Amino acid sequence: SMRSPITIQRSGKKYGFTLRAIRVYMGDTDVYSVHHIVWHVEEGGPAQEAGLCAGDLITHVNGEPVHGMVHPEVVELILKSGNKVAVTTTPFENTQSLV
């Protein structure tokens, strides 16, 4: 909403990040919504240089909300954007624990 988008520019076919879909279920029911997480950012790629990090969730593609959209629809939004894309993400995180 009020979160600042990350602008990425590519010279080749890809932005250099992997998008994974995750299912977020409501309580103990079979009801879920699909969310889009940055699973990997290629070292030295356009997304890494722009500040995108593995673990960031993408909430918007060029200001358009993606909450609920299926994985191929979000991939299509990024694909149709051209060689420049604006992604809105979750705020920066770097906390994890090996258990």
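So that there is no doubt, residue numbering starts at 1 and follows the sequence shown.
_Please compare 60-68 with 35-43 and name the stretch with the higher mean C-alpha B-factor in the deposited structure._
Comparing 60-68 with 35-43, the higher mean C-alpha B-factor belongs to 60-68.
*Comparing 71-79 with 86-94, which stretch shows the greater average C-alpha B-factor in the deposited entry?*
Taking the mean C-alpha B-factor of 71-79 and of 86-94, the larger value falls to 71-79.
*Would you check the entry's CA temperature factor for residue 51 and let me know if it's in the chain's lowest, middle or highest third?*
Middle third.
*Grab the CA temperature factor for residue 99 from the record and place it in the lowest, middle or highest third of its chain.*
Residue 99: CA B-factor falls in the lowest third of its chain.
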